[PDB]
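The primary structure of each chain is shown beneath.
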Amino acid sequence: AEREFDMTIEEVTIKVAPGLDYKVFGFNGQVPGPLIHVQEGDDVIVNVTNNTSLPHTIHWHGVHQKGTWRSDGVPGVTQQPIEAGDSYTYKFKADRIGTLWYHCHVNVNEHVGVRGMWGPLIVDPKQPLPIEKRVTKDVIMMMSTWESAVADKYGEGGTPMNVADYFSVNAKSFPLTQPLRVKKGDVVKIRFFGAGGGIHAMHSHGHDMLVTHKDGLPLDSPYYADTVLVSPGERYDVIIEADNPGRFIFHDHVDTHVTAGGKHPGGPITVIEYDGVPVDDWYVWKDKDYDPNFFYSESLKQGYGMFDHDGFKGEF
Amino acid sequence: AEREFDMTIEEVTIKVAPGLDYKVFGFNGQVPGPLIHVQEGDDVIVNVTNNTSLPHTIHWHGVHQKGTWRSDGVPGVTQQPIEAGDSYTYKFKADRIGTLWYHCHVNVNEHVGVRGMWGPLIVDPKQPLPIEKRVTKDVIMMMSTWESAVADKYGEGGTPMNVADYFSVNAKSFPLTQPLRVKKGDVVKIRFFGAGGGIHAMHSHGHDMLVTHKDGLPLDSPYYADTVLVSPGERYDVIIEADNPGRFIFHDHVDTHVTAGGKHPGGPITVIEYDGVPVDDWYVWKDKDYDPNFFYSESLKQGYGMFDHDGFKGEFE
Amino acid sequence: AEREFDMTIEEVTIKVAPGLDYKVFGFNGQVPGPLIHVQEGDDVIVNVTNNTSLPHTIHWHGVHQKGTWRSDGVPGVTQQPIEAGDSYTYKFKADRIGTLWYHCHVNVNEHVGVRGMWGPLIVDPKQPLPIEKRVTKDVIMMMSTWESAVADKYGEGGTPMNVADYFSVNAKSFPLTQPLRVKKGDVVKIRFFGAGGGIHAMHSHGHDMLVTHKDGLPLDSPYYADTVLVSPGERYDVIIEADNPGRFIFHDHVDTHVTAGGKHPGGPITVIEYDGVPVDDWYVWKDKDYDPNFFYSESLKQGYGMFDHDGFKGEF
Ligand SMILES: [Cl-]
Ligand SMILES: [Cu+2]
Ligand SMILES: [Cu+2]
Ligand SMILES: [Cu+2]
Ligand SMILES: [Cu+2]
Ligand SMILES: [Cu+2]
Ligand SMILES: [Cu+2]
Ligand SMILES: [Cu+2]
Ligand SMILES: [Cu+2]
Ligand SMILES: [Cu+2]
Ligand SMILES: [Cu+2]
Ligand SMILES: [Cu+2]
Ligand SMILES: [Cu+2]
């Protein structure tokens, strides 16, 4: 089917951690960018308007661009950039399945590295794996890093000379992340993305993960892991069988990454919380203002197209 | 079987490198912590006493805690921390096989990153791979990194702002590491652990490694490698067939990791030393004061239980 | 067969980036060092003369040294170093197949990390995989990093206190790299090497890669990837089916690596250029002064031997 939608690029500010507001170039004014969910073989048309002061493009990472290389989104290679105020249309066929993503391809060290110019592109295969048919919850986790020194300074950052001192999943640093709420017998698909410039060793307490896909393609030899290393550009899909009720933290195991501005704890941390486990008064998230769509799990259930999420929106 | 262990947490100083003494929080006063070696299905009980000035926990990495989540060791999530001077008891069934490990889960960037709060937990499968049955030597290699600026000062370290300038296997930097001594026909299982905050590209000269297990679970499709990347939290088990007598260095291939305080050589380096090879006068480790248990290989042969090792012990104040 | 080669080590300066000339210790005066291409089972003899001011060795990474450990090239372990002015002969049997490499093993953090002391050693199996049979182009990509503060002075570099601020493939930083020119229907074997001390997330636009070999040995379970993480010491071999004509960039996805001295773009970037695609006025590499052997692809067709390449030579 043909799926057409409209995306903008906006100058907004998001809160990454307590105390750290960050100027970003958000697709539809949000970080992560909107979810795009389509079916294998769909024809996609994306109309992009740059409402920022700098040039950008959008590259569709994982999308082959078969016979459509001029929609690959690479400035000086496949197109001239989308200047401030201008618009550009991408057209491609979603013939490559799985967990893909999209991001700016201008000034990538800064724009992708610290300005939030990325989001998920999920292509459902015609022939999912049998285990994918058992999935009851689909979870997107996009990891990235932040350089507090350039939080207010578009046009700066993302170099070797900078210091990445904050770390996140879906643009929040613990405790501003959200729990992964499950119930016993859930079958949870988690998609990890190396969205920013860091490496993330994603470890699930209480559970092993079955690694089923690399860069959205199914492995002939899936393997179990309790820690999955995710580097820039990569995706890994896993399955967790939610058969062990408790509260089980789930986090980046790289030691410096569970800090925030040199303070601990922080960083890419969530908690697998099972329904019905009694809550101790000392539980760090006992009073959480819960967002069930923090990992796009609700959006993923609502059809094919483009989805914004108000909890990812920044301020103008 | 029910297996019960009494563990302490101690403030000691260890020598990581020539001229680098480091204040650590050593389980039973050693870094790596004691080896815990049990069988699949055992019921484990660990009574922990905190003899340091700061709060800690112990998390059992890879242990599922099936029905026992309150023993997962995570402060603010599954327990309150073990305060200084206090005790706490962990109980879990070892129903997850393979190379596991344990580490503090309080202030982890510092405690696990530079204070040595970690050790190996080996769970023997009831049904091991056939190749595992050919093994004649079992070897633990726990890699980590150290920030010399915070060596003498608990309470700091383990941030992006710090500089990790020393590197080790089992908490020593070459030349203070020990050789891996084999003889022709040995079948060597090596268990790599990303215990600290760095990445380590472990390369064996003279041999390929057959990678058989990821995070302690056997791969359906094992593969050969001469360089295995190990990142925080992970374990890899490999087999080396010792069929090539020589002196073959075995080291982290990340170029800045074979330094110590900005000087070379140093870092996570050993040598696969074959017994039959005559020693040259210029060999760096001629006459080495040798520790046969530097990789826990002797302890690993001594039955199920918990094993200290004095080559890992630090000095009390 | 017995194959005997004479190699030298020379003090030369190379141009890594616009703005960065670097003093290196080039094997045969070039970086990458010469391609050594031999067959499984050959007896190799390499006579090395050290025409530099500092001691060196050559270690043959991935070569087992069966019966020949004294040629392993490790100072203080298998030999005394080759002093300045002196010569030394290596002998080994190439019984280990695949993508191997060679590098100095004296002061490795500096000599291999920033002084270019490395090159490729390709051992052809007497029995290649079936996929290798279809290959029409063979490509070598050796990634490394550079520290501009020590560019002019041997004896410093390669420590955690230094700053790696330039990144390359085959010792050039974009735009001084060269395109990978292909034609529709090509079957491209690419061999990635982690020659320096960095990690490189190599991502091909427009195509998936079939990962067929790890450290030169064929995988029982090959797998597709669009991004392959290459770390120090490792090699990965992939296959790309060149069936999607366009201009498709191919680069390290680690965000800070696509910079050069703090500025973007730079780093390990190439473009898969298909013959016949019209060149746009704004194409960055329009009119490139092209080197068809930048990835050793011409040398790799020339049989067994040791191959210098003038494009890699430094100046005295
Ligand atoms: Cl022997
Ligand atoms: Cu942009
Ligand atoms: Cu990308
Ligand atoms: Cu891409
Ligand atoms: Cu943990
Ligand atoms: Cu602790
Ligand atoms: Cu852990
Ligand atoms: Cu854990
Ligand atoms: Cu080596
Ligand atoms: Cu050298
Ligand atoms: Cu090497
Ligand atoms: Cu080697
Ligand atoms: Cu790209």
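Residues numbered from 1 in each chain as written, not as in the entry; some residues may be left out. Chains lettered and ligands numbered in written order. Heavy atoms only, no water.

### Quick word on the environment of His-103 of chain B
Its place among the elements puts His-103 of chain B in strand 7 (residues 98-103). Taking the relative accessible area as the measure of exposure, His-103 of chain B reaches 2% and is therefore buried. C-alpha of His-103 of chain B to C-alpha of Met-117 of chain B: the two residues are 14 residues apart in sequence and 5.3 Å apart in space. Residues within four places of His-103 of chain B in sequence aside, it is in contact with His-253 of chain A together with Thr-57, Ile-58, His-59, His-61, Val-112, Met-117 and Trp-118 of chain B. In terms of polar contacts, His-103 of chain B uses its side chain to reach the side chain of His-253 of chain A, at 3.4 Å. (Helix = DSSP H or I, 4+ residues; strand = E, 2+ residues; numbered from the N terminus. Buried < 20%, exposed > 50% of the residue type's maximum accessible area, 1.4 Å probe, protein only. Contact = heavy atoms within 4.5 Å. Polar contact = N/O pair within 3.5 Å; in protein donor to acceptor, adjacent residues only side chain to side chain.)

### Let's talk about the side chain of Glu-147 of chain A
Note on placement: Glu-147 of chain A falls in the loop between strand 9 (137-146) and strand 10 (166-169). As a buried residue without a salt bridge, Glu-147 of chain A has its nearest oppositely charged side chain in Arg-115 of chain A, at a separation of 6.8 Å. (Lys, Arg positive; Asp, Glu negative; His and termini not counted. Salt bridge = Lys/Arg side-chain N within 4 Å of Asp/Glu carboxyl O.)

### Details of the domain arrangement of chain B
All names here are of chain B. Split by domain assignment, chain B resolves into domain 1 (1-128 + 291-317) and domain 2 (129-290). A straight line from the C-alpha centre of domain 1 to that of domain 2 covers 20 Å. On the side of domain 2, 52 residues touch domain 1, which itself brings 47 residues to the contact. Summing the contributions of domain 1 and of domain 2, the shared interface buries around 4100 Å²; its carbon and sulfur component is 63%. It is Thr-99, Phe-294 and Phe-295 that lose the most area in domain 1 upon contact with domain 2, and together they represent 19% of the buried surface on that side. Between the two partners, domain 1 and domain 2, sit one salt bridge. (Domains from an automatic or database assignment. Buried area = accessible area lost by both parts, 1.4 Å probe.)

### Remarks on the coordination of the copper ion (ligand 10)
All names here are of chain C. Protein coordination of the copper ion (ligand 10) is provided by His-56 (ND1), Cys-104 (SG), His-111 (ND1) and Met-117 (SD), with donor distances spanning 2.0 to 2.7 Å. For the copper ion (ligand 10), the four donor atoms in the first shell make angles of 84 to 128 degrees at the metal, so the coordination geometry reads as irregular. Sequence spacing of the donor residues for the copper ion (ligand 10), all on one chain, is H-x47-C-x6-H-x5-M. (Donors = N, O, S within 2.8 Å, 3.2 Å for Na, K, Ca; no water. Tetrahedral: all angles 85-135°; square planar, octahedral: opposite > 155°, others 65-115°.)

### With respect to the pairing of strand 10 (residues 166-169) of chain C
When a strand is regular, its side chains alternate between the sheet's two faces. Residue and element names in this part refer to chain C. Burial along strand 10 is two-sided: the residues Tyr-166 and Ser-168 and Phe-167 and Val-169 are all buried. Both strand 9 (residues 137-146) and strand 10 contribute to a ladder of four bridges, which runs antiparallel. Each bridged residue has a counterpart across the sheet, and for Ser-144 the counterpart in strand 10 is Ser-168. (Pairing = 2+ DSSP bridges.)

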